[PDB]
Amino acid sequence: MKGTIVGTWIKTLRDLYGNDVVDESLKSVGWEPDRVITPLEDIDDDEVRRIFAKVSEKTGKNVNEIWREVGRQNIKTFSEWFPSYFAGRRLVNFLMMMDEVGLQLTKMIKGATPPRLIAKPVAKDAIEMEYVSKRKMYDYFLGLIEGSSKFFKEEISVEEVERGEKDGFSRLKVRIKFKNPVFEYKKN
């Protein structure tokens, strides 16, 4: 990953799991517990992987479970660093815009590699959102969704539809139902 995102993860882990757990885990991979990560740095995905593995060991929580929790809380962290994205009224609009934001950053930020988050309405009160990535952060993705619902104070039901790997790409499709109708058939 790029530096920006790893910065948020470290912060979120600490908020979640305390300072000693994180300090220790970063040292285990040879990092400085209080490393200053710059946005445009490139960070070894395997190093991150080993960090989270250590957090798993120290806390006794399954790594997948940690990512789920990290995903939920990281929305709070990210909204504090980058408030403008969260400035809108609605959860649905937030979610529907995310794919565009991702495409744009791939273009703007050298080396940046965010997943596709393809969203499309499937009923008056529902969209499908498909995560597509070379990485595979199924639990993180799901966590982010819940965190978003939490931030926007809009209850949603999330049901997983498809999960699988093809051609080196991990995919996860969910159906997200909103409380009220948000879509309308309008003509082509």
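Just count from 1 along the sequence shown to find any residue number.
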### Segment of higher mean CA temperature factor, 119-127 or 28-36
28-36
### Message
If you take the mean CA temperature factor per stretch, which one wins between 66-74 and 52-60?
### Response
52-60
### Task
Looking at the entry's B-factor column for C-alpha atoms only, identify whether residue 150 ranks in the lowest, middle or highest third of its chain.
highest
### Query
Lowest, middle or highest third of the chain for the C-alpha temperature factor of residue 43?
highest
### Message
Sorting by Cα B-factor within the chain, modelled residues only, which third would residue 88 end up in: lowest, middle or highest?
### Response
highest
### Record-listed C-alpha B factor of residue 173: chain third
lowest
